[PDB]
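Below you'll find the structure, written out as structure tokens, and then a few comments.
The analysis underlying the following values was restricted to heavy atoms, covering all of them including side chains, and did not include hydrogens, waters or symmetry mates. Proteins get letters first, then strands, A, B, ... in listed order; numbering begins at 1 in each.
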Amino acid sequence: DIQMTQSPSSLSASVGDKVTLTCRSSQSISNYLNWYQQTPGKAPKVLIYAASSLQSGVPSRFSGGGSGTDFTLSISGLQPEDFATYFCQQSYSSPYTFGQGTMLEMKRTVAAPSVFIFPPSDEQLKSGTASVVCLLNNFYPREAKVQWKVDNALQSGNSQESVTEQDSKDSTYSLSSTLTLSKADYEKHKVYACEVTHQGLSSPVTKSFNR
Amino acid sequence: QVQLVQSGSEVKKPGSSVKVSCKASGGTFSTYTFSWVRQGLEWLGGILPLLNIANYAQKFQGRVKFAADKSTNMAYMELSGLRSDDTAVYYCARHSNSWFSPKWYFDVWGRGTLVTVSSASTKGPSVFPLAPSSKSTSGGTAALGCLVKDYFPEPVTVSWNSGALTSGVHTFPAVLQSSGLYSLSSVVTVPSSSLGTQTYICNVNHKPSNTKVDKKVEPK
Amino acid sequence: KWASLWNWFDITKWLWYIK
């Protein structure tokens, strides 16, 4: 019954920055408010409880405050391991509700993707299907647009894409998009292309091949 | 160190039920309360093993049950009427003890139990090469990969050259296709001068189906 | 499973209430 709302949904920052995350409750919850940290593939872990008490072992650069409906979590000098997702959670009344989470990402300068395209393999074509893969490698920021074209006709509803988490080596992202057609449809066309739009590209880049 | 050990991954058809298990290790249940939280994070309910009392979120009314065996220090949740949107990781979590303060928090978490609800049966992937060519080169570096298509359920593990190749590798999160089967890709960037001299092999393991595939990825 | 489903008994705060 108590909605928890976090802002911002995502925050870009640098190591050593001071940041403050916000959580708001739809009803007054005194200071029955907890903050958790979560990294991909691992269970969450409490950092702050009762709005401002630091769990044993948590670095003192974490602090919390608030009482009623407005709450904050501050990190005074972000370290690399702090780049994670943070959830607030109220323990005031059932059902015990979590905020939607704030994800912290690392800043870097804009990086254009390198674009590669892969035709279907002979082994897949023998099975009767054709998947074409477009790879966008090591770009920043995360926002990117891929458009599949088959003989310059824009495709829709026959592709899916996946984006990696931020790379710890260089703070970039990578994206893979797969266009899947039947073997029969695949052999009726010649030019297969993916067009990529990104802030680091002055104009959209097209990678293509002829079947 | 009081820890929570959870039961293994589950695959369930819609309309069936699943029982997740959580064992307290390095300590007993004592006076503590233990809840299940799935993943946005959502509390389903919890149990006080000392008194054999449970609480539940109204959203799961008529669908959730809890039990505990004080001899084995194991707690259970049964979730019935399973729907495809019950697919989640289910964490068991201990509450901080309210004797010290009613302003409680989750102070111990299990590693989670993946519960996949779907009408699909277990199926191993097909593994296709993503061959390097002139369309996958960017001056001194070439890209190649493997398309790991049409498997169920999660997860799949991908390695390159039995672990000898790790730099430049990107293995992407799986996508769920309209068929209800998963698909992912794994790519690597290598020096283009290595293509005719270094062999590149993607190693794919899908434990649920006992599928193990090694696929050489050659230029053509 | 067969624990008593009693939402009127707050299992998260009962010890504090009972002192």
- request: Check side-chain contact (heavy atoms from CB on, under 4.5 Å) between A/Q199 and all other residues, then give those that pass, not counting sequence neighbours.
  value: A/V110, A/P141
query: Step by step, would you call B/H170 with A/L135 a side chain to side chain contact (heavy atoms under 4.5 Å, CB included)?
result: CA-CA 10 Å; B/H170 290 301; A/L135 164 67; 5.9 Å; no
- prompt: Of all of A/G99, A/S174, A/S127, A/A50, which one pairs up most often with chain B through heavy atoms under 4.5 Å apart?
  reply: A/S174
query: Given a strict heavy-atom distance threshold of 4.5 Å, which part of B/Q177 is in contact with chain A: side chain, backbone, both, or neither?
result: both
query: Using 30° and 60° as the class limits, which term best fits the ring planes of A/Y96 and B/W43: parallel, tilted or perpendicular?
result: perpendicular
- line: Assert top hit (heavy-atom pairs under 4.5 Å, partner chain A, pool B/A174, B/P129, B/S35) equals B/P129
statement: So CZ of A/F118 and OG of B/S133: to nearest 0.5 Å the spacing works out to 7.5 Å
field: Under 4.5 Å from a heavy atom of chain A, the part of B/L130 involved
entry: both
task: Kindly indicate whether the side chain of B/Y56, heavy atoms from C-beta on, has any atom under 4.5 Å from the side chain of A/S94.
output: no
message: Would B/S96 and A/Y49 count as a side chain to side chain contact (heavy atoms under 4.5 Å, CB included) here? Give the steps.
response: CA-CA 10 Å; B/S96 73; A/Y49 64 90; over 6 Å; no
task: State, to 0.1 Å, how close B/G110 and A/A43 come at their nearest heavy-atom pair, and which atoms those are.
output: O-CB, 3.3 Å
message: Counting neighbours of CZ on B/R83 that are heavy atoms of other residues, nucleotides or ligands and sit closer than 6.0 Å, is the number greater than 12?
response: no
field: Ring centroid separation A/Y36 to B/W109 under 6.0 Å
entry: yes
- request: Answer yes or no: is there a donor N or O on one side and an acceptor on the other, between the side chain of B/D107 and the main chain of A/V46, under 3.5 Å?
  value: no
query: Judged by atom type as modelled, is there a donor-acceptor pair below 3.5 Å linking the side chain of A/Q160 to the main-chain atoms of B/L176?
result: yes
- prompt: A/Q89 and B/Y105: side-chain donor and acceptor closer than 3.5 Å?
  reply: no
query: Is B/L41 close to A/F87 at the side-chain level, that is, under 4.5 Å between some pair of heavy atoms?
result: yes
query: Contact part of A/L33 toward chain B, heavy-atom cut-off under 4.5 Å: side chain, backbone, both or neither?
result: neither
- request: Among A/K169, A/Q55, A/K45, single out the residue with the greatest number of heavy-atom pairs under 4.5 Å to chain B.
  value: A/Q55
Spacing of OG belonging to A/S91 relative to NZ belonging to B/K103, to within rounding of 0.5 Å: 9.0 Å
- prompt: Does the side chain to side chain contact (heavy atoms under 4.5 Å, CB included) test come out yes or no for A/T164 and B/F172, once each step is laid out?
  reply: CA-CA 6 Å; A/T164 63; B/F172 293 85; 3.5 Å; yes
query: For atom OH of A/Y92, is the number of surrounding heavy atoms from other residues, nucleotides or ligands below 6.0 Å larger than 12?
result: no
- request: Give the member of A/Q100, A/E165, A/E161, A/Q38 that has the highest number of heavy-atom pairs under 4.5 Å with chain B.
  value: A/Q38
- line: Shortest non-hydrogen pair, A/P95 vs B/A57, comes out as CB-CB, 4.3 Å
query: Just by distance, do the side chain of B/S138 and the backbone of A/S114 share a donor-acceptor pair under 3.5 Å?
result: no
- prompt: For B/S126, is it the side chain, the backbone, both, or neither that has a heavy atom closer than 4.5 Å to a heavy atom of chain A?
  reply: neither
Interatomic distance, B/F128 atom CZ to A/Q124 atom CD [nearest 0.5 angstrom]: 4.5 Å
statement: OG of B/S136 to CG of A/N137, rounded to nearest 0.5 Å, is 11.5 Å
message: Shorter than 4.5 Å, heavy atoms on both sides: which option in B/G45, B/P102, B/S178, B/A93 has the most such pairs with chain A?
response: B/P102
- request: Supply the atom-to-atom distance A/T180 OG1 to B/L147 CG, rounded to the nearest 0.5 angstrom.
  value: 7.0 Å
field: More than 12 heavy atoms from other groups under 6.0 Å of CD on A/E143
entry: no
